[PDB]
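Only this structure's heavy atoms are used, side chains among them; waters, hydrogens and symmetry mates stay out. Chain naming here is simple, since letters A, B, ... match the order of the sequence lines and numbering starts at 1 in each.
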Amino acid sequence: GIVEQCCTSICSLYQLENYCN
Amino acid sequence: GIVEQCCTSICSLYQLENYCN
Amino acid sequence: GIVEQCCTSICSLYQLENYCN
Amino acid sequence: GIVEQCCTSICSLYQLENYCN
Amino acid sequence: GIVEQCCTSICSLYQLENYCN
Amino acid sequence: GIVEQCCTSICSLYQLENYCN
Amino acid sequence: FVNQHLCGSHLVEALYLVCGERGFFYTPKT
Amino acid sequence: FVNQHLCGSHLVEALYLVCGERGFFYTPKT
Amino acid sequence: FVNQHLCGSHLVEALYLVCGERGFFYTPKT
Amino acid sequence: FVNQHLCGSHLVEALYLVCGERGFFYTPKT
Amino acid sequence: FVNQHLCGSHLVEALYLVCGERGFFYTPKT
Amino acid sequence: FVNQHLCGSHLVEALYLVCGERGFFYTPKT
Ligand SMILES: [Cl-]
Ligand SMILES: [Cl-]
Ligand SMILES: [Zn+2]
Ligand SMILES: [Zn+2]
């Protein structure tokens with residue numbers, strides 16, 4: 001989920017947009 | 001400049017990217 | 001809503017708790 | 001003390017109130 | 001006090017140092 | 001550089017002034 | 001706990017602290 | 001932009017940055 | 001609420017949240 | 001990405017997120 | 001070091017940086 | 001003052017504190 005995409009592994013600002021409403 | 005613009009007015013992540021090294 | 005209330009006005013940690021999953 | 005209650009070990013918001021004036 | 005001063009007015013790191021333990 | 005002065009190793013507020021314009 | 005005046009990112013920090021591993025939703029008006 | 005490690009309160013700051021007024025959810029158990 | 005790890009600047013942000021106007025002390029050597 | 005209203009340290013946090021390991025320069029007017 | 005305009009949590013972050021392991025007390029007026 | 005570990009977003013917050021209006025550069029690849 002988000003922790004295991006951008007925290008445990010790394011993620012881009014674009015990937016972070018996956019979690020906007 | 002960007003510092004001011006961002007504060008008095010709004011700015012985008014794309015404008016901020018111009019200040020990366 | 002909570003976002004606004006907290007900023008225009010004050011809010012409590014107990015009101016914030018309602019937005020937890 | 002506070003570091004070895006909430007940082008090294010974990011602590012609640014209520015336990016944090018132990019350190020208010 | 002310092003809390004107020006810093007916010008209504010400006011304060012220096014040297015004034016802040018007085019609040020260290 | 002800055003990461004290997006204040007992050008990896010430790011550094012003072014005065015050393016941080018080395019990176020002001 | 002005391003009452004809070006929280007704008008912008010400061011609200012999100014508060015929600016983070018309050019909710020922990022439960023997570024939260026941030027839903028501003030449009 | 002870049003890829004970096006974003007954890008905890010830093011991760012929610014980054015969500016607030018990217019999503020802003022849209023809002024977002026932070027659901028670490030997911 | 002929850003229990004989480006709160007360190008360094010995050011710990012003092014959480015103290016400010018919880019105590020606010022009461023004030024607080026942050027005394028890690030204790 | 002949405003537009004941003006960012007003052008003080010909040011601008012620097014944004015530059016940090018946007019630039020990553022590239023780093024950035026913060027150059028306010030005098 | 002330059003002079004500072006610091007409100008809310010931003011003051012506490014500054015006290016944290018300035019004091020380090022010495023810790024500090026945050027004492028707002030009532 | 002003190003010496004502590006300052007990393008990532010915390011390091012840039014500390015640069016903003018110390019440099020402020022002077023501005024600064026954050027160039028971790030250096
Ligand atoms: Cl603010
Ligand atoms: Cl960390
Ligand atoms: Zn702020
Ligand atoms: Zn951190």
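Contact of the L/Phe1 side chain with the K/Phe1 side chain is registered, since non-hydrogen atoms from C-beta on lie closer than 4.5 Å.
Note on J/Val2: it does not cluster hydrophobically with G/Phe25, by side-chain heavy-atom contacts below 4.5 Å among ILVMFWY residues. Taken together through direct or relayed side-chain contacts under 4.5 Å among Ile, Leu, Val, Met, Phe, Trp and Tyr, B/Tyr14 and A/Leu16 form part of one hydrophobic cluster.
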Open item on the list: Pair J/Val18, B/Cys20 - check side-chain contact (heavy atoms from CB on, under 4.5 Å), show working.
Closed with: CA-CA 8 Å; J/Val18 164; B/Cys20 309; 4.2 Å; yes
Open item on the list: Using the rule given for side-chain contact (heavy atoms from CB on, under 4.5 Å), can you reason through H/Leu15 versus G/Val12, listing the C-alpha separation, both sets of side-chain angles and the distance that settles it, and then say yes or no?
Closed with: CA-CA 9 Å; H/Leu15 283 169; G/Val12 162; over 6 Å; no
- [ ] Could you give me the CA-CA distance, side-chain angles and deciding distance for G/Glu13 and I/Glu13, then say whether side-chain contact (heavy atoms from CB on, under 4.5 Å) is met?
- [x] CA-CA 9 Å; G/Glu13 284 280 356; I/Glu13 293 272 352; 5.6 Å; no
TODO: Just do the side-chain contact (heavy atoms from CB on, under 4.5 Å) check on B/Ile2 and B/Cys6 with the steps written out, would you?
DONE: CA-CA 6 Å; B/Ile2 199 57; B/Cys6 283; 3.8 Å; yes
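In this structure a side-chain-to-backbone donor-acceptor pair under 3.5 Å is missing from H/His10 to L/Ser9. At least one donor-acceptor pair under 3.5 Å links the side chain of E/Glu4 to the backbone N or O of K/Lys29. Of the possible donor and acceptor atoms, one in the side chain of F/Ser12 sits under 3.5 Å from a partner among the backbone N and O of F/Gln15. The closest donor-acceptor contact from the side chain of I/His5 to the backbone of D/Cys7 lies under 3.5 Å. For the pair J/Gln4 (side chain) and H/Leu17 (backbone), a donor-acceptor distance under 3.5 Å is present.
The aromatic rings of K/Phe24 and I/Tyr26 are tilted relative to each other, their planes meeting at an angle between 30° and 60°.
Nearest approach of H/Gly23 to H/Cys19, heavy atoms of both residues: O-CB, 3.3 Å. In this structure, D/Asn21 and K/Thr27 approach most closely via the heavy-atom pair ND2-OG1, 3.9 Å. Minimum interatomic distance between J/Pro28 and L/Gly20 (heavy atoms only, all atoms of both residues): CG-O, 3.9 Å.
A salt bridge links H/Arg22 with A/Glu17: the closest approach of a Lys/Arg side-chain nitrogen to an acidic carboxylate oxygen falls below 4.0 angstrom.
To the nearest 0.5 Å, the span separating CG on L/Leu6 from CG on L/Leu11 amounts to 6.0 Å.
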